[PDB]
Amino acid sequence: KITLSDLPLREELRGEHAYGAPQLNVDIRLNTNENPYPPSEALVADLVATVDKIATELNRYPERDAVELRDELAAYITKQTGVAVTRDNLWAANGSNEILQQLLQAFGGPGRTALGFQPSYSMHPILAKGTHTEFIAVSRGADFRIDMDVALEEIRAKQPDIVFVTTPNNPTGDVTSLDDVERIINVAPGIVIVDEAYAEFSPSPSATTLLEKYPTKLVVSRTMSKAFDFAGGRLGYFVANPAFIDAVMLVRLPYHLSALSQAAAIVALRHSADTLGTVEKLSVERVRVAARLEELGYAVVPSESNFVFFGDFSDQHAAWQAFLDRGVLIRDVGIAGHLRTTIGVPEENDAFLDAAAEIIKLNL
């Protein structure tokens, strides 16, 4: 018998743990910011017909540069954000995880650093470390929003190669205004990745509007996993100056996007009008969930996303388990006193709110 210690693993990986956010198939899943609506019957029918069409070519490598997908992503972005862009501005990969991985390979890596404003996305420091990019954590303010004075101070001092700005922020829910983003971009010496995973849930404009002004610095990261109700298709993308697409083509694995993934994403995008109608339903439930939590006595952080950050427990993890014992799976992001609940369909939110009503009395 042998174990991992008997293998020539890289030393810095010793004692590490695999990213392991709970993935459980329970009845009430409010833990991964997934859109709670199953894909529409129309979408599914289209998907089934498309697979029937393209299945006979699955012996061949897919189209390497995903041109058709990128055309449709650029058409979406043009309509969605109002900024005219073409496939030359767009690059797709297997989720934002791989998008970001590729950007880190090309613009981070050994000898370089990435700066983020914590608490933010769990994956950013994980991907940074995974690409041998040093991660600098700069703390957000007491209200969980970016503290601009410290932000600009620290960027000036450290000259980071990459700066992450997540807006709306996961886990806190707040939008960093475009004027603040410009301020960040102007002190940034290398590139700035604006992670717009939740943009569709905010009325506020996309950082894509800033791309004309900062071609050499700005990349806008997006995904189909959240508002677009397609996390299982693993499709993330960025919008930037065409030079950046040339950049990532040097590091991307050839044929990194399969034929079914490209075709599935295309089908999804041509059903966007109906699907994105879920964003409106979710925003109404968010307002209701947040209101009710406040009414109960919870400290609720205002949000422009599909989730709510709320506290203040003495032990968030015990609180988290207490929700789970009542069939409600939310998220413990390892921030003292707080948990993140994803907005579900009404009946899931009712179950979460019923659990939360009972749990506040426990004083956990």
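We number the residues from 1 along the sequence you see.
Per the PDB record, of the two stretches 348 to 356 and 15 to 23, 15 to 23 carries the greater mean B-factor over its C-alpha atoms. In this entry, 186 to 194 shows the higher mean Cα temperature factor of the pair 186 to 194 and 219 to 227. The entry lists C-alpha B-factors for 171, 232, 141, 236, and the highest of these is at 141. Among 33, 59, 314, 321, the highest C-alpha B-factor in the deposited entry belongs to 314. Per the deposited record, the Cα B-factor of residue 210 falls in the highest third when ranked against the other modelled residues of its chain. Sort the modelled residues of the chain by CA B factor and residue 78 lands in the middle third.
Looking at the C-alpha B-factors along this chain, the one for residue 68 belongs to the lowest third.
Among the modelled residues of the chain, residue 250 sits in the middle third by CA temperature factor in this PDB entry. Annotation for residue 178: C-alpha temperature factor in the highest third relative to the rest of the modelled chain, per the entry.
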